[PDB]
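Student: Structure incoming, see below.
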Amino acid sequence: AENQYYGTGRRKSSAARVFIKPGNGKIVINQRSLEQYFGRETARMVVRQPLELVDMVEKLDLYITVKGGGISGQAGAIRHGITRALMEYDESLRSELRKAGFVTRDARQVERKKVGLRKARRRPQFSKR
Amino acid sequence: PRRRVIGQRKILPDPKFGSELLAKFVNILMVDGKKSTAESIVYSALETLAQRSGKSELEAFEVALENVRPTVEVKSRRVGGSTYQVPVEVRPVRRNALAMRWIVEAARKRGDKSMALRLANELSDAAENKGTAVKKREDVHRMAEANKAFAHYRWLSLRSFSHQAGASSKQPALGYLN
Amino acid sequence: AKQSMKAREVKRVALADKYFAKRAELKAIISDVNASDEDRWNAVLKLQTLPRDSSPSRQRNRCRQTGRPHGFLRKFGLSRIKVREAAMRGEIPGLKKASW
Amino acid sequence: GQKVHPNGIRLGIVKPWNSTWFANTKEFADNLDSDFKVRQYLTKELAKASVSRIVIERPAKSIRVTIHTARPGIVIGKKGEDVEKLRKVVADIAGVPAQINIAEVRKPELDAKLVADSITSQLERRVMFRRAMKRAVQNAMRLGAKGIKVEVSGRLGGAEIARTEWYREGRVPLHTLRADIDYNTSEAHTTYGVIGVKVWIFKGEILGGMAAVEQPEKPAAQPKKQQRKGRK
Amino acid sequence: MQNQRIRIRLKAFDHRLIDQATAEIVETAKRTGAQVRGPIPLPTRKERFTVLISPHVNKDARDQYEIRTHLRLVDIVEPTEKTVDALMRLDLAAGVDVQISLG
Amino acid sequence: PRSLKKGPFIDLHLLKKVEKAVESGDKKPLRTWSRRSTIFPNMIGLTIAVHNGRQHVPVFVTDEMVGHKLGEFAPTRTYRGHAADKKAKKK
RNA sequence: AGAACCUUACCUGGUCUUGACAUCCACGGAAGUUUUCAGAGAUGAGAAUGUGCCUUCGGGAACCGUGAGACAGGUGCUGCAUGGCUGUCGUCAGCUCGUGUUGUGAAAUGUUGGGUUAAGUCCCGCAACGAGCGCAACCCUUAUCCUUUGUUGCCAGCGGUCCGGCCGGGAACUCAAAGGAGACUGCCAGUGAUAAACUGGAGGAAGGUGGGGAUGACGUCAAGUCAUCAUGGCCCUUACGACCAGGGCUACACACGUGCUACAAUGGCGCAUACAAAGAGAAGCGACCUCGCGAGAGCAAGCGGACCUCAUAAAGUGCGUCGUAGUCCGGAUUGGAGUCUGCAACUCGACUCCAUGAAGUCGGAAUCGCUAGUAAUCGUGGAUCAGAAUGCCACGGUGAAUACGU
């Protein structure tokens, strides 16, 4: 069953699972502190931004489990994840951001290495002279 | 060639500064594909900028980006005899990007212990209009003002419109020349 | 392309498996550090001369059936061109291409 | 000019592959040699009429033959003794005991390989190739092909150098990953040297074969039938 | 943590035969248990090949080929001896191998 | 940069020729084609004629050559001088 | 696609010509194995296991020697002699199939105008008409989201409880692989010849055939492969063959194609710190163990692949350290040792490391890819693979400027 609201936050092929509840201004990520997972790096500023935009930097509590990233990017799945869950305090919060573009699933899909070529789109370099 | 309008990829505003102009800047600071090193390097640079002048975090950044900002480019359009190089107006998208690119191309000539100090010395300088890209702006506006003395197929064109029921032209155009 | 390079190669592979499988710790006893004044001698090189004419080190896992020099693929029993010919004709299970 | 064949990657997508077996990606060379040796030699044994496809299968401790015929009657030979001689040698090649079942009504005149044989046969005996190829097409689309493409080459006209010909009619699209695109290249000799004809046939976009399936599907058998795995 | 006490896996390089054979076992599992079973989509494998496309001259084109091996599982949240007994008679076999062992 | 492994590396093949020469310090130049092998005490005091890819070249073996191979003192390649065309010192 | 010998064409030297391997016949031998010794090894002598298959019980076959012929064998010549196959122009935007019409006709027309588009995409339209290839579509794959599964997958809550999905148990949840839901200038607005179509608006992950792959016309080019393989013309068949050994294309005169990694500070050095997806592993890989100086060693649980292992995933992140001094960047060469894969590391193989210690501070002509999961840059794994990666193939991480104009 449900007991917390839930966000999926899929951006850049990282997924932020985000369980939101009333509390104090507070983050735990993978049963570890912020100084540990995002210590002094630009990712620290990414995750606080959606709480600062909604001015609930002191009364939302969060629990964060994240798979399938890299360090700065997982913070970016968190940026979509916090607002994905927060649709169930206000459903029109998420509507107006979807109309501005500013919450959205990230706009790049997979592309493969191509047949006979040295990269995804780069062909075999040759002088031929 | 292009036969209809096609937009550009850009990402959303900054995670510290909440500005597009910051979001394009850290992007043009990018080295090895890594946006996550350039973010910290830009913010550590602006904090040094804040010790040089105690008025804002962006003080020398925003105004460098005002002073070294171009407006014009040169294109080549010539057939037959002699018509010379022909100037065009730059769109805002390229104004902003030429300025930030010139600010970091200039910045690298310095050797210090963090990239942040370097980039902070070129912004503080360009802010006072003694930067290295003051010259790059000046050269480009002098050349665009000079090369309007003659432009493409000018002599025959002055006949060609007037006989076609079409309006004034001087520039290559789809379906027929000027 | 020649039958003589196919004829050498085919006999080497059945005897590489015969002779070296039962002489795989002999390699440890005469080269590797598993000996330390123990044996290290002529009496076991009396036996490693059998896996020599026919041994993995002379069996380039190729040309045991087909007459194409290099690009062999030991998993099909074939080479570049004959993998492509059999795909064209559907004679391989599961053969498609990646589209992702 | 160019001549590419692109449809080599389609042949388990809305049509059957000529082989379906499992080898745990370690025994594939041993199983691919037995599957060839069984292809080459069974279609020579039923050489007394024609065949439209050959489909070879690996059950537990067994090798199982499927065949697509003009009829289950006079193709495989009268008496089941002739079909037991087929299991005798199929069993010998793979190294396990052998099965055979007979199937399918589909004529080999809708199919590639009897069409390519029939147009080389004219050319081998120097009768015709200007209209021999067009009657192939006529005879093919009247039994079910929405389109057929033919290329004939050889030493055509008795000429001391080589010539080409081609003919397309109906639709043969290759901007694809599906359809049945049923294909054969004949090779045969005549009193000038070697000749050959290339036949691409298009039966349908999801017709042609005994298949329509294109994947291993995961919502299968269970479209909206949900389980909770708990409290039930 | 719900798991199985005996492993059954189905492995094929042809995708259509294994999907049918799996479906016959899912019904066997539902006939020899208390819950609504279906396909476990365990990660399906692909081994990567590169070859020529002209026998000698020019290489700007080449070819890349795939062969896939499709993996199914066929287990209740905890299986029973009545499931393995019914399963093993009702399993299909013509181009898939079912292994009933662990390893 | 690199050197070889441990134990003897004599083999059966160098052994049977060498053994009839070692009792007598040497007898005759030993016709050798299996030039992949390392030198050893049993091979000191001898003269081993070492096939090169074309013919055997006689090697007098000494106490210094004992770390070295047999076909190493024997050529396999060609030479040109350092900025012109010139026929090779090496067969 | 992994060139020590093998491979491998080439070469030399041993050794033989129905021939080194098939079928067919004649004769002697069971084939196979193990083993001492001479010889480089082939080979030869001698030893030891076995006398099997079938049988006018002679003898033959399997396989080996040897011979007779058919015939095997040939990177043998020939690709203005071919079959099979494929590169180019190009994503050109055309090419062609059925057929009428205008000229005496070769041929045109269609296939060209206007609007729209990368496009012959599609609206309008003339004797050019209709339609297919190219290309649009179904396709596979992905994306929110709908959907099913429920392990080798997961845990908002609850339990055993060291508070670990290990396990009682649960389906809110990532989560994996798949049908795919969705998007059509259809909707609403502007434009545009009604219109196709472009652009704006909105809900939605997203408005512009959704992202991505597949994807390449008839066909000239005397294109190129006889060396996958087919094959005549046509030559050797004691050989333009073959068993066996060793060498070789990575020599060196110089230059040159291409890629890696680096020339630093965004970073390296050390130490510590964070989350992957993908996939392969029974003469293989593999925890722990004892052994070792890193490297590695044997012993061995384990391993079919979200079960164990490669794996500490790296880049990226933290601190202290380091600028123009070729260093605290880069660490090559080579001596030399320790180690590896292998009868065999020397020219031509992998890895650790000690001593000494260079080039390189962004490079002339030249020279290529890119519209976005791209470019770039990092690690990972596999095909190849005895032993060679920096290469190639695929996977996932972080992830950019701009597209006015022809």
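The way I read the labels, and the way they are meant: chains A, B, ... in the order of the structure tokens, residue 1 as the first residue of every chain, and ligand 1 as the first ligand shown, with later ones counted on from there.
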Quick check: residues of chain B within 10 Å of chain G, only C-alpha atoms (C1' of nucleotides), returned as a ChimeraX atom specification.
Tutor: /B:1-10,24,27-42,75,77,88-91,93-94,97-98,101,110-116,171-174
Student: As an MDAnalysis selection string, could you give me every residue of chain A near chain B (at most 8 Å apart, counting only C-alpha atoms)?
Tutor: chainID A and resid 41:43 45:46 49 72 102
Student: Next, the residues of the selection above should be written as a PDB file, in the first residue's frame with N, CA and C atoms.
Tutor:
```pdb
ATOM      1  N   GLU A  41      30.277  19.770  -3.965  1.00  0.00           N
ATOM      2  CA  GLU A  41      30.354  19.700  -5.423  1.00  0.00           C
ATOM      3  C   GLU A  41      29.074  20.384  -5.881  1.00  0.00           C
ATOM      4  N   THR A  42      28.956  20.774  -7.185  1.00  0.00           N
ATOM      5  CA  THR A  42      27.832  21.566  -7.731  1.00  0.00           C
ATOM      6  C   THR A  42      26.429  20.840  -7.607  1.00  0.00           C
ATOM      7  N   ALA A  43      26.420  19.501  -7.448  1.00  0.00           N
ATOM      8  CA  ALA A  43      25.262  18.554  -7.232  1.00  0.00           C
ATOM      9  C   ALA A  43      24.500  18.880  -5.937  1.00  0.00           C
ATOM     10  N   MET A  45      23.840  21.937  -4.889  1.00  0.00           N
ATOM     11  CA  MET A  45      23.030  23.051  -5.263  1.00  0.00           C
ATOM     12  C   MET A  45      21.798  22.735  -6.149  1.00  0.00           C
ATOM     13  N   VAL A  46      21.974  21.602  -6.901  1.00  0.00           N
ATOM     14  CA  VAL A  46      20.920  20.967  -7.749  1.00  0.00           C
ATOM     15  C   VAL A  46      19.678  20.451  -7.006  1.00  0.00           C
ATOM     16  N   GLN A  49      17.558  23.190  -4.934  1.00  0.00           N
ATOM     17  CA  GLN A  49      16.890  24.193  -5.786  1.00  0.00           C
ATOM     18  C   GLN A  49      15.386  23.996  -5.868  1.00  0.00           C
ATOM     19  N   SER A  72      26.967  13.971 -10.405  1.00  0.00           N
ATOM     20  CA  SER A  72      26.271  15.209 -10.729  1.00  0.00           C
ATOM     21  C   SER A  72      24.843  14.906 -11.346  1.00  0.00           C
ATOM     22  N   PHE A 102       9.691  23.639 -17.515  1.00  0.00           N
ATOM     23  CA  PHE A 102      10.758  23.614 -16.513  1.00  0.00           C
ATOM     24  C   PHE A 102      10.721  22.269 -15.659  1.00  0.00           C
TER      25      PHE A 102
END
```
Student: Could you name the residues that touch residue 79 (chain F) at 12 Å or less, counting only C-alpha atoms (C1' of nucleotides), but leaving out those on the same chain fewer than 6 positions away, as a ChimeraX atom specification?
Tutor: /F:85-91 /G:251-253
Student: Output the selection as a PDB file, in the first residue's frame - N, CA and C atoms (P, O5', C5', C4', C3', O3' and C1' of nucleotides) for each residue.
Tutor:
```
ATOM      1  N   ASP F  85      70.359   3.522 -49.625  1.00  0.00           N
ATOM      2  CA  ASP F  85      70.132   2.127 -50.009  1.00  0.00           C
ATOM      3  C   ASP F  85      71.472   1.411 -49.907  1.00  0.00           C
ATOM      4  N   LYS F  86      71.572   0.168 -49.339  1.00  0.00           N
ATOM      5  CA  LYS F  86      72.733  -0.652 -49.168  1.00  0.00           C
ATOM      6  C   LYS F  86      72.286  -2.115 -48.828  1.00  0.00           C
ATOM      7  N   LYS F  87      72.914  -3.071 -49.493  1.00  0.00           N
ATOM      8  CA  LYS F  87      72.573  -4.494 -49.294  1.00  0.00           C
ATOM      9  C   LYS F  87      72.861  -4.993 -47.888  1.00  0.00           C
ATOM     10  N   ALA F  88      72.080  -5.983 -47.436  1.00  0.00           N
ATOM     11  CA  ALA F  88      71.894  -6.252 -45.994  1.00  0.00           C
ATOM     12  C   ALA F  88      73.022  -7.102 -45.463  1.00  0.00           C
ATOM     13  N   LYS F  89      73.465  -6.779 -44.237  1.00  0.00           N
ATOM     14  CA  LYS F  89      74.432  -7.566 -43.505  1.00  0.00           C
ATOM     15  C   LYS F  89      73.881  -8.888 -42.939  1.00  0.00           C
ATOM     16  N   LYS F  90      72.626  -9.255 -43.145  1.00  0.00           N
ATOM     17  CA  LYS F  90      71.794 -10.174 -42.368  1.00  0.00           C
ATOM     18  C   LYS F  90      70.833 -11.032 -43.223  1.00  0.00           C
ATOM     19  N   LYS F  91      71.009 -12.392 -43.120  1.00  0.00           N
ATOM     20  CA  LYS F  91      70.336 -13.402 -43.881  1.00  0.00           C
ATOM     21  C   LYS F  91      69.073 -13.810 -43.205  1.00  0.00           C
TER      22      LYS F  91
ATOM     23  P     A G 251      59.888  -3.395 -38.659  1.00  0.00           P
ATOM     24  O5'   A G 251      61.026  -4.315 -39.115  1.00  0.00           O
ATOM     25  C5'   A G 251      61.873  -5.037 -38.237  1.00  0.00           C
ATOM     26  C4'   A G 251      63.249  -5.552 -38.830  1.00  0.00           C
ATOM     27  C3'   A G 251      64.192  -4.449 -39.296  1.00  0.00           C
ATOM     28  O3'   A G 251      65.527  -4.857 -39.214  1.00  0.00           O
ATOM     29  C1'   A G 251      63.325  -5.658 -41.181  1.00  0.00           C
ATOM     30  P     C G 252      66.758  -3.837 -38.815  1.00  0.00           P
ATOM     31  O5'   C G 252      66.447  -2.447 -39.629  1.00  0.00           O
ATOM     32  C5'   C G 252      67.449  -1.722 -40.409  1.00  0.00           C
ATOM     33  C4'   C G 252      66.775  -0.497 -41.014  1.00  0.00           C
ATOM     34  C3'   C G 252      66.326   0.444 -39.879  1.00  0.00           C
ATOM     35  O3'   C G 252      67.322   1.299 -39.424  1.00  0.00           O
ATOM     36  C1'   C G 252      64.847   0.406 -41.697  1.00  0.00           C
ATOM     37  P     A G 253      68.163   2.285 -40.340  1.00  0.00           P
ATOM     38  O5'   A G 253      67.313   2.702 -41.681  1.00  0.00           O
ATOM     39  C5'   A G 253      67.801   2.658 -42.987  1.00  0.00           C
ATOM     40  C4'   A G 253      67.611   4.085 -43.539  1.00  0.00           C
ATOM     41  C3'   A G 253      66.093   4.437 -43.407  1.00  0.00           C
ATOM     42  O3'   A G 253      66.006   5.773 -42.930  1.00  0.00           O
ATOM     43  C1'   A G 253      66.980   4.680 -45.692  1.00  0.00           C
TER      44        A G 253
END
```
Student: Please, which residues of region 32-84 of chain F, numbered as in this document, come out strand (DSSP E) from DSSP, as an MDAnalysis selection string?
Tutor: chainID F and resid 32 47:51 56:60
Student: With N, CA and C atoms retained, could you export that selection as a PDB file, in the first residue's frame?
Tutor:
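Output (again34.pdb):
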```pdb
ATOM      1  N   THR F  32      71.490 -28.577 -36.215  1.00  0.00           N
ATOM      2  CA  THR F  32      70.382 -28.179 -35.391  1.00  0.00           C
ATOM      3  C   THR F  32      69.453 -27.319 -36.249  1.00  0.00           C
ATOM      4  N   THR F  47      79.797 -27.193 -30.177  1.00  0.00           N
ATOM      5  CA  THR F  47      79.610 -26.292 -31.303  1.00  0.00           C
ATOM      6  C   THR F  47      78.262 -26.742 -31.951  1.00  0.00           C
ATOM      7  N   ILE F  48      77.261 -25.916 -31.865  1.00  0.00           N
ATOM      8  CA  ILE F  48      75.878 -26.118 -32.356  1.00  0.00           C
ATOM      9  C   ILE F  48      75.679 -25.315 -33.570  1.00  0.00           C
ATOM     10  N   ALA F  49      75.379 -25.908 -34.707  1.00  0.00           N
ATOM     11  CA  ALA F  49      75.079 -25.358 -35.939  1.00  0.00           C
ATOM     12  C   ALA F  49      73.594 -25.073 -36.119  1.00  0.00           C
ATOM     13  N   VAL F  50      73.238 -23.790 -36.145  1.00  0.00           N
ATOM     14  CA  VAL F  50      71.934 -23.302 -35.849  1.00  0.00           C
ATOM     15  C   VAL F  50      71.228 -22.802 -37.166  1.00  0.00           C
ATOM     16  N   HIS F  51      70.236 -23.533 -37.652  1.00  0.00           N
ATOM     17  CA  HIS F  51      69.475 -23.161 -38.797  1.00  0.00           C
ATOM     18  C   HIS F  51      68.906 -21.744 -38.604  1.00  0.00           C
ATOM     19  N   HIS F  56      72.213 -23.503 -41.630  1.00  0.00           N
ATOM     20  CA  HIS F  56      72.827 -23.530 -40.276  1.00  0.00           C
ATOM     21  C   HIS F  56      74.141 -22.704 -40.294  1.00  0.00           C
ATOM     22  N   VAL F  57      74.359 -21.921 -39.234  1.00  0.00           N
ATOM     23  CA  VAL F  57      75.538 -21.067 -38.904  1.00  0.00           C
ATOM     24  C   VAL F  57      76.036 -21.685 -37.540  1.00  0.00           C
ATOM     25  N   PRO F  58      77.324 -22.098 -37.487  1.00  0.00           N
ATOM     26  CA  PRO F  58      77.937 -22.700 -36.339  1.00  0.00           C
ATOM     27  C   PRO F  58      78.183 -21.709 -35.187  1.00  0.00           C
ATOM     28  N   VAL F  59      77.691 -22.028 -34.050  1.00  0.00           N
ATOM     29  CA  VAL F  59      77.820 -21.352 -32.792  1.00  0.00           C
ATOM     30  C   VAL F  59      78.682 -22.206 -31.848  1.00  0.00           C
ATOM     31  N   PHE F  60      79.828 -21.631 -31.430  1.00  0.00           N
ATOM     32  CA  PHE F  60      80.671 -22.182 -30.300  1.00  0.00           C
ATOM     33  C   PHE F  60      79.988 -21.611 -29.066  1.00  0.00           C
TER      34      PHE F  60
END
```
Student: Give me, as JSON, numbers by chain, the contact residues of chain A against chain C at a cut-off of 8 Å, counting only C-alpha atoms.
Tutor: {"A": [110, 111, 112]}
Student: Can you write out the residues you just picked, keeping N, CA, C and O atoms, as a PDB file, in the first residue's frame?
Tutor:
```pdb
ATOM      1  N   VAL A 110      18.425   7.068 -26.018  1.00  0.00           N
ATOM      2  CA  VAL A 110      19.471   6.238 -26.570  1.00  0.00           C
ATOM      3  C   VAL A 110      19.595   6.321 -28.099  1.00  0.00           C
ATOM      4  O   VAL A 110      18.632   6.374 -28.916  1.00  0.00           O
ATOM      5  N   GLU A 111      20.909   6.312 -28.454  1.00  0.00           N
ATOM      6  CA  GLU A 111      21.398   5.954 -29.765  1.00  0.00           C
ATOM      7  C   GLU A 111      22.664   5.025 -29.617  1.00  0.00           C
ATOM      8  O   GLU A 111      23.562   5.247 -28.767  1.00  0.00           O
ATOM      9  N   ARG A 112      22.733   4.084 -30.536  1.00  0.00           N
ATOM     10  CA  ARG A 112      23.616   2.909 -30.551  1.00  0.00           C
ATOM     11  C   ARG A 112      24.959   3.309 -31.320  1.00  0.00           C
ATOM     12  O   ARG A 112      24.927   4.293 -32.094  1.00  0.00           O
TER      13      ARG A 112
END
```
Student: Of the candidates B:121, B:129, B:83, B:19, which one gets nearest to residue 150 (chain B) if we count only C-alpha atoms?
Tutor: B:83
Student: Identify all chain D residues at most 7 Å from chain E by counting only C-alpha atoms; ligands do not count. Present them as an MDAnalysis selection string.
Tutor: chainID D and resid 20:22 57:60 213 215:216 218 221:222 227
Student: Show me, as a list in words, every residue of chain D with an atom at most 12 Å from chain A, counting only C-alpha atoms.
Tutor: residues 228, 230 and 231 of chain D
Student: Take the residues from that selection and write them out as a short mmCIF file (atom, residue, chain, number, x, y, z; two decimals), in the first residue's frame, keeping N, CA, C and O atoms.
Tutor:
```cif
data_model
loop_
_atom_site.label_atom_id
_atom_site.label_comp_id
_atom_site.auth_asym_id
_atom_site.auth_seq_id
_atom_site.Cartn_x
_atom_site.Cartn_y
_atom_site.Cartn_z
N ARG D 228 -1.16 -9.74 -7.01
CA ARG D 228 -0.57 -8.91 -5.91
C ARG D 228 0.60 -9.58 -5.11
O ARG D 228 1.36 -8.89 -4.51
N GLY D 230 0.86 -11.36 -2.58
CA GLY D 230 0.75 -11.05 -1.20
C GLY D 230 -0.71 -10.60 -0.93
O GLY D 230 -1.49 -10.05 -1.82
N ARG D 231 -1.14 -10.85 0.31
CA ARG D 231 -2.52 -10.73 0.82
C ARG D 231 -3.53 -11.58 0.02
O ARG D 231 -4.72 -11.36 0.12
#
```
Student: With only C-alpha atoms (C1' of nucleotides) as the counted atoms, please give the residues lying no more than 7 Å from region 69-72 of chain F, apart from itself and same-chain residues fewer than 6 positions off, as an MDAnalysis selection string.
Tutor: (chainID F and resid 35:39 50 52) or (chainID G and resid 346)
Student: Those residues with N, CA, C and O atoms (P, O5', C5', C4', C3', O3' and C1' of nucleotides), as a PDB file, in the first residue's frame please?
Tutor:
```
ATOM      1  N   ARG F  35      65.976 -24.074 -33.113  1.00  0.00           N
ATOM      2  CA  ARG F  35      66.698 -22.909 -32.656  1.00  0.00           C
ATOM      3  C   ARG F  35      65.958 -21.921 -31.645  1.00  0.00           C
ATOM      4  O   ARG F  35      66.464 -20.862 -31.267  1.00  0.00           O
ATOM      5  N   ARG F  36      64.771 -22.233 -31.223  1.00  0.00           N
ATOM      6  CA  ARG F  36      63.877 -21.656 -30.218  1.00  0.00           C
ATOM      7  C   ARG F  36      64.272 -21.887 -28.801  1.00  0.00           C
ATOM      8  O   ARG F  36      63.679 -21.418 -27.892  1.00  0.00           O
ATOM      9  N   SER F  37      65.329 -22.660 -28.568  1.00  0.00           N
ATOM     10  CA  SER F  37      65.634 -23.150 -27.241  1.00  0.00           C
ATOM     11  C   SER F  37      66.706 -22.320 -26.594  1.00  0.00           C
ATOM     12  O   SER F  37      67.489 -21.661 -27.251  1.00  0.00           O
ATOM     13  N   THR F  38      66.756 -22.397 -25.251  1.00  0.00           N
ATOM     14  CA  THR F  38      67.677 -21.649 -24.383  1.00  0.00           C
ATOM     15  C   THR F  38      68.883 -22.551 -24.138  1.00  0.00           C
ATOM     16  O   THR F  38      68.820 -23.801 -24.210  1.00  0.00           O
ATOM     17  N   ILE F  39      70.011 -21.817 -23.864  1.00  0.00           N
ATOM     18  CA  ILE F  39      71.283 -22.586 -23.642  1.00  0.00           C
ATOM     19  C   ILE F  39      71.403 -22.976 -22.176  1.00  0.00           C
ATOM     20  O   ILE F  39      70.833 -22.441 -21.278  1.00  0.00           O
ATOM     21  N   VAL F  50      73.238 -23.790 -36.145  1.00  0.00           N
ATOM     22  CA  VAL F  50      71.934 -23.302 -35.849  1.00  0.00           C
ATOM     23  C   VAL F  50      71.228 -22.802 -37.166  1.00  0.00           C
ATOM     24  O   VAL F  50      71.700 -21.815 -37.701  1.00  0.00           O
ATOM     25  N   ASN F  52      69.034 -20.837 -39.587  1.00  0.00           N
ATOM     26  CA  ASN F  52      68.683 -19.384 -39.486  1.00  0.00           C
ATOM     27  C   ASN F  52      67.403 -18.934 -40.218  1.00  0.00           C
ATOM     28  O   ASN F  52      67.025 -17.786 -40.167  1.00  0.00           O
TER      29      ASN F  52
ATOM     30  P     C G 346      63.847 -13.870 -24.996  1.00  0.00           P
ATOM     31  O5'   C G 346      64.583 -13.699 -26.418  1.00  0.00           O
ATOM     32  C5'   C G 346      65.645 -12.799 -26.605  1.00  0.00           C
ATOM     33  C4'   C G 346      65.845 -12.564 -28.069  1.00  0.00           C
ATOM     34  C3'   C G 346      64.597 -12.109 -28.970  1.00  0.00           C
ATOM     35  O3'   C G 346      64.347 -10.713 -28.778  1.00  0.00           O
ATOM     36  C1'   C G 346      65.735 -13.843 -29.888  1.00  0.00           C
TER      37        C G 346
END
```
Student: Using DSSP on the backbone coordinates, identify the residues of region 15-72 of chain E assigned to helix (DSSP H, G or I); present them as a list in words.
Tutor: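 For region 15-72 of chain E, the helix (DSSP H, G or I) set is residues 15, 16, 17, 18, 19, 20, 21, 22, 23, 24, 25, 26, 27, 28, 29, 30 and 31 of chain E.
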Student: Select, as a PDB file with C-alpha atoms (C1' of nucleotides), in the first residue's frame, those residues of chain G with any atom no more than 9 Å from chain D (distances computed using only C-alpha atoms (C1' of nucleotides)).
Tutor:
```pdb
ATOM      1  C1'   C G  80      37.448  -7.665 -73.046  1.00  0.00           C
ATOM      2  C1'   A G  81      35.805 -15.609 -69.996  1.00  0.00           C
ATOM      3  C1'   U G  82      32.510 -16.055 -66.069  1.00  0.00           C
ATOM      4  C1'   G G  83      28.717 -17.525 -61.476  1.00  0.00           C
ATOM      5  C1'   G G  84      28.135 -16.166 -56.556  1.00  0.00           C
ATOM      6  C1'   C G  85      29.070 -10.997 -53.994  1.00  0.00           C
ATOM      7  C1'   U G  86      29.892  -5.971 -53.213  1.00  0.00           C
ATOM      8  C1'   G G  87      32.210  -0.303 -53.484  1.00  0.00           C
ATOM      9  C1'   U G  88      31.098   4.624 -55.790  1.00  0.00           C
ATOM     10  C1'   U G  96      11.896   2.669 -63.365  1.00  0.00           C
ATOM     11  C1'   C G  97       7.209  -0.787 -64.453  1.00  0.00           C
ATOM     12  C1'   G G  98       2.468  -1.134 -67.173  1.00  0.00           C
ATOM     13  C1'   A G 131       1.901   2.586 -59.928  1.00  0.00           C
ATOM     14  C1'   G G 132       6.423   0.538 -57.770  1.00  0.00           C
ATOM     15  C1'   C G 133      12.238   1.143 -56.485  1.00  0.00           C
ATOM     16  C1'   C G 135      12.381   7.533 -49.423  1.00  0.00           C
ATOM     17  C1'   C G 138       4.070  -1.032 -40.370  1.00  0.00           C
ATOM     18  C1'   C G 139       9.480  -3.081 -38.047  1.00  0.00           C
ATOM     19  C1'   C G 140      12.677  -3.519 -33.846  1.00  0.00           C
ATOM     20  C1'   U G 147       0.630  -2.666 -19.410  1.00  0.00           C
ATOM     21  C1'   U G 148       2.129  -7.714 -17.474  1.00  0.00           C
ATOM     22  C1'   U G 149       5.990 -10.332 -14.615  1.00  0.00           C
ATOM     23  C1'   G G 150       7.841 -10.819  -9.490  1.00  0.00           C
ATOM     24  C1'   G G 169       6.150 -11.000   4.735  1.00  0.00           C
ATOM     25  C1'   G G 170       4.345  -6.643   1.344  1.00  0.00           C
ATOM     26  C1'   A G 171       3.222  -4.661  -4.421  1.00  0.00           C
ATOM     27  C1'   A G 177      12.084  -6.517 -21.606  1.00  0.00           C
ATOM     28  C1'   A G 178       8.377  -6.084 -24.115  1.00  0.00           C
ATOM     29  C1'   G G 179       3.269  -5.133 -26.562  1.00  0.00           C
ATOM     30  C1'   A G 214      17.143  -0.655 -39.964  1.00  0.00           C
ATOM     31  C1'   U G 215      17.521   1.814 -43.896  1.00  0.00           C
ATOM     32  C1'   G G 216      20.525   3.032 -50.327  1.00  0.00           C
ATOM     33  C1'   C G 218      17.897   1.184 -62.907  1.00  0.00           C
ATOM     34  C1'   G G 219      23.060   1.183 -63.462  1.00  0.00           C
ATOM     35  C1'   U G 220      27.767   3.088 -66.631  1.00  0.00           C
ATOM     36  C1'   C G 221      32.460   2.460 -64.042  1.00  0.00           C
ATOM     37  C1'   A G 230      31.054 -21.996 -57.886  1.00  0.00           C
ATOM     38  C1'   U G 231      33.634 -22.741 -62.562  1.00  0.00           C
ATOM     39  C1'   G G 232      34.931 -23.534 -68.026  1.00  0.00           C
ATOM     40  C1'   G G 233      38.863 -22.023 -71.146  1.00  0.00           C
ATOM     41  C1'   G G 304      25.253 -20.823 -17.726  1.00  0.00           C
TER      42        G G 304
END
```
Student: As a VMD selection string, please: the residues near region 77-92 of chain C (cut-off 10 Å, only C-alpha atoms (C1' of nucleotides), same-chain neighbours under 5 positions excluded).
Tutor: (chain C and resid 61 to 72) or (chain D and resid 5 to 12 16 to 21 28 to 33 35 to 36 39 54 to 56 182 to 185) or (chain E and resid 13 to 14 49 to 55 63 to 65 67) or (chain G and resid 1 85 228 to 229)
